[PDB]
């Protein structure tokens, strides 16, 4: 578990080199598919008629070896962007030739350089290849952290290096890649091979690149320092970066010659191995989530839908959610039933949305550990869950628990309740319609009763991730609006991304809802100070809830209830990405709207430039009442 290749520019025999390279521990080889010095003429006689074979035979390796072990490289003389027409045209033919040969072989990927600012024709020609025949090579755009013009040794007397800081100029290689990928229309098949140099840049520059589709990081031998035993290693600041890329499960490519010419070469790879297993193991959240990184799912809608047995099972595999709930009913029973009243006073607890019982068992445990007495109702509308309750009630609970098979908003109640406990909370707190449901059940709370939870708040934060943007773009479907996928929330363990500003509260709800003419609709404006240049792709959503007094739950990253994996964040995309300059404010507007059938969100960017209103009138996304 750390995937690694060798870069070479020199392969006498593809047979023997591959074997040398396997023996060193490498998983794959980046090599030329034509000789990197064999320039070719397509137009002028007599060179265009150069006889003989143009490159090596495909028969030198097994189909399987081409498809797994080999990554091809563009000849370095191919310059589709030269100022010389004649080179522009040979390079055009050269590139389609190399790209088509990579295709013939079924190479899993082919490497192309971004080594200058104008790669317009290079995009045009790659974009052309991509729309010609059926193939599916990945294209690795080799792009350095630092333009080589910006790490030249300062040794031209009449051409000094820039000794001043240019915040935006030190990011130029990100704009090289941004322009390339924008021109190629964000094709899912164009990724980054990020070249790390001897000196890192400022974190601002490295940060530009998080949220970017990084498939490979290139480590030249020449950036490794030597330790006392004589063996290659990396700076502490290079380590910080490697630890971040291993989180992006990228592939590591080792380019250049052995500069540790005492200590052998698998030494370079071994050090990567040493860093892999010398990192912190996964916490419970991370072991639960490995699989889910940047996987878009539909927000659950347990009102409009009856949930599957196996969903409830994952629900109830959260020890923190439920121990936090137990502790809150504990504290509420003590504050409601003084000691000397302990047997005179039996409190009425109504679990609203009981599912398969976990809040019942959390209510039965609390009442024990406080030594008070409770009448339980278990109100649930999903009759498949009621089969689970009515069986786990005959066999186990008593009399104590009466199962009600009803929508809480419809139920006529035998008694009023001292406490109502609910678990109707979504990733965006109110997105499963806690507010509308508990509003409808509020009439059977005693004039002085408690709701657990008592309060919840959504939070929002602008993010950049060309990765997640591309993922949302791919959810186009037959037979709906071609852009609907941008007008709906996804729940997703956001991973390859950049939070551009601190979360801020969006919508808040309190239970009970004291003040009448209730209205659960809302408009909110948020101003996000942004400190970097970037690209906005959507808004991360999180929440916090007050169950009782100081007992709370959070999926707001800065206050996240540790251990608690029930909820992943939500994501609200925007149709069109929005450039943000350092110092500019991102202004977003959220509406929560409703009729009597549906609830939905609408949303807009008003600064620095306007988006369209997303999801007007729930045309793309609604939550069923």
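Note that the rigid core is defined as the largest set of C-alphas that superpose within 1.5 Å between two forms. Residue numbers count along the first chain shown, from 1.
K.L.:
Could you tell me which of the two stretches, 514-522 or 467-475, has its Cα atoms lying farther from the shown structure in 5 other deposited structures of this protein after fitting on the rigid core?
P.N.:
Per-stretch check in 5 other deposited structures of this protein: the more divergent one is 514-522.
K.L.:
Would you say which of 420-428 and 387-395 moves more relative to the shown form in 5 other deposited structures of this protein, going by RMS C-alpha distance with the core superposed?
P.N.:
Taking the RMS over all superposed structures in 5 other deposited structures of this protein, 420-428 lies farther out.
K.L.:
Report the stretch with the higher mean CA temperature factor, choosing between 414-422 and 377-385 on the basis of the entry.
P.N.:
It is 414-422.
K.L.:
If you average the Cα B factors in the entry, which is higher, 570-578 or 49-57?
P.N.:
That would be 49-57.
K.L.:
If I read the C-alpha B-factors straight from the PDB entry, which of 511, 493, 89, 260 is highest?
P.N.:
Comparing C-alpha B-factors across 511, 493, 89, 260, the top value belongs to 260.
K.L.:
Based on the PDB record, which member of 124, 178, 142, 236 exhibits the highest Cα temperature factor?
P.N.:
Most elevated C-alpha B-factor of the set, per the entry: 236.
K.L.:
Can you tell me whether residue 8 has a C-alpha B-factor in the lowest, middle or highest third compared with the other modelled residues of the same chain?
P.N.:
Middle third - that is where residue 8 ends up once the chain's C-alpha B-factors are sorted.
K.L.:
Once the chain's modelled residues are ordered by C-alpha B factor and cut into thirds, is residue 544 in the lowest, middle or highest one?
P.N.:
Tercile = lowest for this residue's CA B-factor.
K.L.:
According to the PDB entry, is the CA B factor of residue 98 in the bottom, middle or top third of its chain, that is, lowest, middle or highest?
P.N.:
Its C-alpha B-factor belongs to the lowest third of this chain's values.
K.L.:
Going by the recorded CA B-factors, say which third of the chain residue 612 sits in, lowest, middle or highest.
P.N.:
As the PDB entry reports it, the C-alpha B-factor of residue 612 lands in the lowest third of its chain.
K.L.:
Please say which third, lowest, middle or highest, residue 288 falls into when its CA temperature factor is compared across its chain.
P.N.:
Highest third - that is where residue 288 ends up once the chain's C-alpha B-factors are sorted.
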